[PDB]
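A lone chain, given as structure tokens: the form deposited in one PDB entry.
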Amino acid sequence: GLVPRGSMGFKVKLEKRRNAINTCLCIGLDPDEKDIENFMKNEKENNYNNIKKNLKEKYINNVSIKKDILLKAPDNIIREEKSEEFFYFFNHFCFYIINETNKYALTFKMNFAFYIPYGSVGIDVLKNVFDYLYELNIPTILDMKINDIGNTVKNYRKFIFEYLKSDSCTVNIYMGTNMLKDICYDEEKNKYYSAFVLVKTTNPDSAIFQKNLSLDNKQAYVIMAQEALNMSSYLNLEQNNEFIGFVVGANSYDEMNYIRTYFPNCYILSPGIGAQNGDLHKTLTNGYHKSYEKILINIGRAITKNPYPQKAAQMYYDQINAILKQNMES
């Protein structure tokens, strides 16, 4: 009755992990230039304490790109591999956050935008991060808010689900839901994949289209949620242990309440806690489901920019779990 790592649908992988660690913390890994630069500076000041810990972890030997470089001594990188120094410290920063925080994470979400601005080098890092998370068996989300015509988006499907072997991604369906047939499904291989579509976002002006536009007294975010679930049903996702879920911001309390009320069993991904100042108690309460994996609370910068990310993660894990307990003991 046992399924091996990598050989099950995302719904099953999330449920198993949720049973294991009893939380809905989603850790965001969005390293910026200052993060990387700082990591390098700190490691140089402390004889690379964290990099040396990274290098003892067994699965570093199972990443795809430039292991030859990643496994070098840090002082050899600095002295002998100058053109690889950035790749090295960027990738080791990522492994460091993962190693420090993974025991608290239901899922990691990596936002593509942070991995592209230096050109190809960050995509090598991103591939290694995904290979590493696959080896640890931690559920993954690639946050890329993708959108195009079907013929174009199948390239993103290949990158996200074949190359990175991601469990899921985020999608903006404003163009249409028909794009989902080329993202959540591969007709050639007959494989199904999971996604979170944008419903209500955290940016301060998100109401401008998501709540102002309507059809017959239903606001755009409700229509968009319904259309996404209609497409999920058509594609048979949940019967293949995948899903289409919703991104609903952690500062959008009324919309979280409406979505959980009107779509009782939907999967919700909620960014906005920490750096963006959303209210965790209100968000988790309004979006609560007794299957906690259906209300992922994403926290990025408030963990990754803390000097002690393991402790920051534990603190959020504990805060979330205390609110989960309040709801279980309602």
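A residue's number is simply how far along the shown sequence it sits, counting from 1. Only residues modelled in both forms are compared. So that the term is clear: the rigid core is the largest set of C-alpha atoms that superpose within 1.5 Å between two forms.
Here the stretch with the larger average CA B-factor, out of 12-20 and 303-311, is 12-20. Mean CA temperature factor is higher for 250-258 when stretches 250-258 and 167-175 are set side by side in the entry. Between the residues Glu242, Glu187, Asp143, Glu135, it is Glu187 that shows the highest Cα B-factor in the PDB record.
Based on the entry's C-alpha B-factors, the most elevated value among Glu80, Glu100, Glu227, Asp131 belongs to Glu80. Sort the chain's modelled residues by C-alpha temperature factor and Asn49 lands in the middle third, per the entry. Among the modelled residues of the chain, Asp30 sits in the lowest third by CA temperature factor in this PDB entry.
Ranked against the other modelled residues of its chain, the C-alpha B-factor of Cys94 as given in the entry falls in the lowest third. The entry lists a Cα temperature factor for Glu85 that places it in the middle third of the chain's modelled residues. Residue-level temperature factors show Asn217 in the highest third of its chain, judged at the C-alpha atom.
As for the form deposited in another entry, it is not shown, yet the points below apply to it.
When the two forms are superposed on their rigid core between the shown form and the other one, the C-alpha shift of 2 Å or more among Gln226, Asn137, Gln219, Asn241 belongs solely to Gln219. Fitting the two forms on the rigid core leaves the C-alpha of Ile208 displaced by at least 2 angstroms between the shown form and the other one. Relative to the shown form, the CA atoms of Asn217 and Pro271 are brought 3 Å or more closer together in the other entry. Relative to this form, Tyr253 and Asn203 approach one another in the other entry, with their C-alpha atoms ending up at least 3 Å closer. Relative to the superposed core, just one shifted segment between the shown form and the other one, defined as three or more consecutive residues with every Cα moved by 2 Å or more, spans 200-219.
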